[PDB]
Every structure is written in structure tokens, then in C-alpha cells.
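Shown next, in C-alpha cells, is the structure this report addresses.
Read-outs: derived from the displayed coordinates by stated rules, not from any lab. All Cβ positions, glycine included, derive from the backbone under ideal geometry; neighbour counts span all protein chains shown.
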Amino acid sequence: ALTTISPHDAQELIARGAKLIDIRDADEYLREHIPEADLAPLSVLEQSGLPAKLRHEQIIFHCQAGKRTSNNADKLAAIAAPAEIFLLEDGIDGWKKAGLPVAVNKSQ
């Protein structure tokens, strides 16, 4: 189910109970961390497979500012299956769409 959403409403699903699988770096990005996310890179999505531990009804798949997801966003949707997989409109904004900073090593 190669589908996507808008960086405004997508913040409703996640806030509704949607797991956000970040298929990005870990330590390289350890600096910042979305207000949720769920470490699950191709490595894990492959070696581990579907994010069962982070599987519910509808799971998302994104965490970039436009690179090349569509490349393997198909088999990927089948990797997190059986489940409703979705992509995040080219734009890491979304959560930042409302000028909201992610979880940094120093919040307070």
C-alpha cells in the first residue's frame, strides 16, 4: 500500500497511536530524535522484519527531507506487513511543520 499523507494531518495519526519507524541513522542522529520515532532501519526491517514490537493498525515509514524512499518503498511496505504502511510527504517538517523541535540530548 504505497500511500502517503500531508505534513499536518500525519501528526494526528501518530498522536492517535501510530508508530513512526525511522529508517535513518541512529548515533549519527542520536543528537536529535522525533517525539516518538521507532528505530527500525532496513537492517532491522530486514534482519528483524516488520516492526511487530511497534505494530498496531497503521505504521508510517519515513524520516528524511527528500532523498529516495520511493526507490524501495514498495517491498518495504511489504516488509512491514501484513500492515498498513505509509510514507511521509517529502519533508521531515511534519512535526516541525508547526515549528516543533525534536527530542535533543538536552530538552530542559
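Overview of results
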{"quantity": "Residues located in the range 22-39, provided they are surrounded by 11 or more Cβ atoms within 10 Å (Cβ to Cβ), on the phi < 0 side of the Ramachandran plot and of a type in the set (A, V, I, L, M)", "calculated": "23, 26, 34, 39"}
{"quantity": "Considering residues of the range 47-61 that are surrounded by fewer than 22 Cβ atoms within 10 Å (Cβ to Cβ) and among the hydrophobic types (A, V, I, L, M, F, W, C) only, the residue nearest to residue 94 (Cα to Cα)", "calculated": "54"}
{"quantity": "Near pairs, Cβ below 7 angstrom, 6+ apart or cross-chain, from the range 85-101 (free of Cβ contacts under 8 Å to residues at least 60 places away in the same chain) to any residue that is among the aliphatic types (A, V, I, L, M) and part of a loop (DSSP other than H, G, I, E, B)", "calculated": "92/65"}
{"quantity": "Residues satisfying the stated conditions in the range 1-46, i.e. of a type in the set (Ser, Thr, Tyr) and in contact (Cβ under 8 Å) with a residue 60 or more places away in the chain", "calculated": "3, 4, 6"}
{"quantity": "Residue among 50, 76 that alone is of a type outside the set (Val, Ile, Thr) and assigned to a helix (DSSP H, G or I)", "calculated": "76"}
{"quantity": "Residue within the range 71-88 that is within 14 Å of the chain's Cα centre (by Cα), more than 13 Å from residue 3 (Cα to Cα) and not hydrophobic (A, V, I, L, M, F, W, C) present", "calculated": "no"}
{"quantity": "Hits in the range 62-81 - residues which are hydrophobic (A, V, I, L, M, F, W, C) and either on the phi > 0 side of the Ramachandran plot or crowded, with 17+ Cβ neighbours inside 10 Å (or both)", "calculated": "63, 73, 76, 77, 79, 80"}
{"quantity": "Tally, over the range 27-38, of residues that are part of a loop (DSSP other than H, G, I, E, B) and either of a type in the set (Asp, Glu) or under 13 Å from the mean Cα position of the chain (by Cα) (or both)", "calculated": "7"}
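Yes or no, residue by residue, for (1) part of a loop (DSSP other than H, G, I, E, B); (2) out of contact with any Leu (no Cβ under 9 Å at 6 or more places or on another chain); (3) over 16 Å from residue 94 (Cβ atoms):
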position: 13; (1), (2), (3): no, yes, no
position: 40; (1), (2), (3): yes, no, yes
position: 63; (1), (2), (3): yes, no, no
position: 67; (1), (2), (3): yes, yes, no
